[PDB]
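# below you'll find the sequence and an experimental structure to go with it.
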Amino acid sequence: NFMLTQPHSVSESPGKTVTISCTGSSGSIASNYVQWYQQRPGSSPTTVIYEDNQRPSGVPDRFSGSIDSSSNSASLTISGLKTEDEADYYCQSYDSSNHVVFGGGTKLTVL
């Protein structure tokens, strides 16, 4: 079996940071690359980070993905949060068979 576990819903006030933790149910989340996605209302999904190692040049650098082999979970650190964040987040991972995987997702609500 291979799946990810994240928060059902979370909120954060402006000025503060946003933390997205995605737990892997199977093996170390560091044995595979992890990607991040965001789903804005009425809009389509967009990749925020890639291979948890960096992000495409030109995309804002207010996001940061991190992988914890020890804790067997992933944790992204975001800076300068704003309503432009109010949206649904998505996590993805790869299995040994090099197969893309998806997580439950997370609803970020900004007030």
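Looks like it arrived, so ask away. Residues are numbered from 1 along each chain as shown.
# now do the helices in this protein.
In order along the chain, the chain carries no helices (DSSP state H).
# who's residue 74 bridged to?
residue 22, residue 67 (DSSP bridges).
# the chain should start at 23 in everything you say after this.
New numbering, starting at 23: the last item is residue 96.
# distance of it from residue 113?
Applying C-beta to C-beta, to the nearest Å, the value for residue 96 to residue 113 is 7 Å. Just so you know, the C-beta spots here come from the backbone N, C-alpha and C atoms, and that holds for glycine as well.
# overlap of the contact sets of these two?
Common neighbours of residue 96 and residue 113 are listed as 44, 56 (criterion: C-beta atoms under 8 Å, 6 or more residues apart in numbering).
# relative to residue 59, how far out is the residue lying farthest from the centre of the chain?
Using C-alpha atoms, centre = their mean, the residue of the chain lying farthest from its centre is residue 119. It sits 21.6 Å away. Distance, residue 119 to residue 59, by C-beta to C-beta: 21 Å.
# residue 52 too?
To residue 59, residue 52 is 20 Å away according to C-beta to C-beta.
# try residue 72
For residue 72, the distance to residue 59 equals 10 Å [C-beta to C-beta].
# compare these two (neighbour count), which wins?
Comparing residue 72 with residue 59 by other C-beta atoms under 10 Å, the one with more neighbours is residue 59, at 18 against 15.
# what about the nearest residue to the more buried one once chain neighbours are set aside, how many neighbours?
Spatially, and ignoring its direct neighbours in sequence, residue 59 is nearest to residue 112 (3.7 Å; C-beta to C-beta, 6 or more residues apart in numbering). Residue 112 has 23 neighbours, counted by other C-beta under 10 Å.
# do residue 75 as well
By other C-beta under 10 Å, the residues close to residue 75 number 10.
# with that, I have no additional questions.
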